[PDB]
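Take a look at this single chain, the form solved without its partner chain, given in structure tokens.
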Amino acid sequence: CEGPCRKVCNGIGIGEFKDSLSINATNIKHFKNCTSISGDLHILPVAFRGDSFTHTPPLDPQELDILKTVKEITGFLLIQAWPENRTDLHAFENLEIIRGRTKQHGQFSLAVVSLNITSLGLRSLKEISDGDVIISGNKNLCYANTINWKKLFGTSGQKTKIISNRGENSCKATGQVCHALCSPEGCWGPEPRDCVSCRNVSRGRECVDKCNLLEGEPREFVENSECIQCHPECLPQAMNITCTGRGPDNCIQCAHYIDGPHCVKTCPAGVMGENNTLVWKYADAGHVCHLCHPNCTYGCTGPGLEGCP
């Protein structure tokens, strides 16, 4: 189900969250397993102080991790407070898209103000469909200058206000710069898994120097600059590559047996065929699979009736 299944939850101010100022200790659990937010998210200081007027205890920082399943927010994301023990927004490390159909002050779709974080860490963020971005007053925040926000924007006129964060020179002098394996499009943090996009190729969500084409385990092939694992029936080749693509039909050399174009662990024994009959096969000396005698309804080890005594 592509990780967590698609679960749409209401934003702050709608439905079960009507008349709520902020994500807070009472309502955070109602975002459990949400993947899309129909509305806005607000995270304010009160969330972490507690609020006696609304019978709200202080929010436990660990529970912010409940937001790790959020992939989409259709409105805006406003973060004006964050736990002191958290150097980034890894709660939102899986957020992919902010659509910005509603905007703070009718302007901003992402706003990150007055935090102590040292990086943003929105490592999955790829699109801010509409609305401006504001990142200001984050006195320890680096890396924000490196993003080419145009790669995320999809509307004319979108703009960033990135100001009063840690100084550029200061960030460079303390080594807070994009990893060498990042492309020039910038980064969300110092790690190779924080790149907006890769210099060379990626493996999962990490940027790397090269796929395992001729050495290394497991062997891989390159699919649109991504390292994709080779099928395990493909025998690794000391000289050659091992695959031309995915599946057991794209091996250079099969590892166990050969059923036509398929490399396979064991010759088929009972699979379904084109007919009211099951397909039974056996392996010869050269580990090629061959149909068994038709009268061999429970399989075979060699050709002929002798194969099914």
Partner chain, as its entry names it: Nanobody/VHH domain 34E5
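Residue numbers count along the first chain shown, from 1. Throughout, rigid core stands for the largest set of C-alpha atoms superposing within 1.5 Å between the two forms.
If you look for the form deposited with its partner chain bound, you will not find it shown, but the lines that follow are about it.
- Choose one stretch from 24-32, 39-47, 259-267, 57-65: the one whose residues place a heavy atom within 4.5 angstroms of its partner chain in the entry with it bound. Correct option: 259-267.
- Message: Only one of 97, 198, 235, 213 gets a heavy atom within 4.5 Å of its partner chain in the entry with it bound. Which one?
- Response: Flagged contact: 235.
- Name the residue from 14, 288, 9, 296 that puts a heavy atom within 4.5 Å of its partner chain in the entry with it bound. Only one option qualifies, and that one is 288.
- Close approach of residue 70 to its partner chain in the entry with it bound, 4.5 Å, heavy atom: Close contact is absent here: in the entry with it bound, residue 70 is far from its partner chain, nothing within 4.5 Å, heavy atoms only.
- Query: Hey, in the entry with it bound, is residue 249 touching its partner chain, heavy atoms inside 4.5 Å?
  - Reply: Answer yes; at least one heavy atom of residue 249 falls within 4.5 Å of its partner chain in the entry with it bound.
- Can you check whether residue 241 is within 4.5 Å of its partner chain in the entry with it bound, heavy atom basis? No - in the entry with it bound, heavy atoms of residue 241 and its partner chain never come within 4.5 Å of each other.
- So in the entry with it bound, does any heavy atom of residue 277 sit within 4.5 Å of its partner chain? Outside the cut-off, so no.
- Query: In a fit on the core, which one among 61, 261, 45, 58 has a Cα that moves 2 Å or more between this form and the one not shown?
  - Reply: With the rigid core fitted, the residue that moves is 261.
- When you overlay the rigid core, is the Cα of residue 32 off by 2 Å or more between this form and the one not shown? It does not, since the residue 32 C-alpha is displaced less than 2 Å between this form and the one not shown after the core fit.
- Message: If I superpose the two forms on their rigid core, does the C-alpha of residue 89 end up displaced by 2 Å or more between this form and the one not shown?
- Response: No, because once the rigid core is superposed, the C-alpha of residue 89 moves less than 2 Å between this form and the one not shown.
- Fitting the rigid core first, would the Cα of residue 9 be found 2 Å or more away between this form and the one not shown? For residue 9, whose C-alpha is compared between this form and the one not shown after core superposition, the shift is less than 2 Å.
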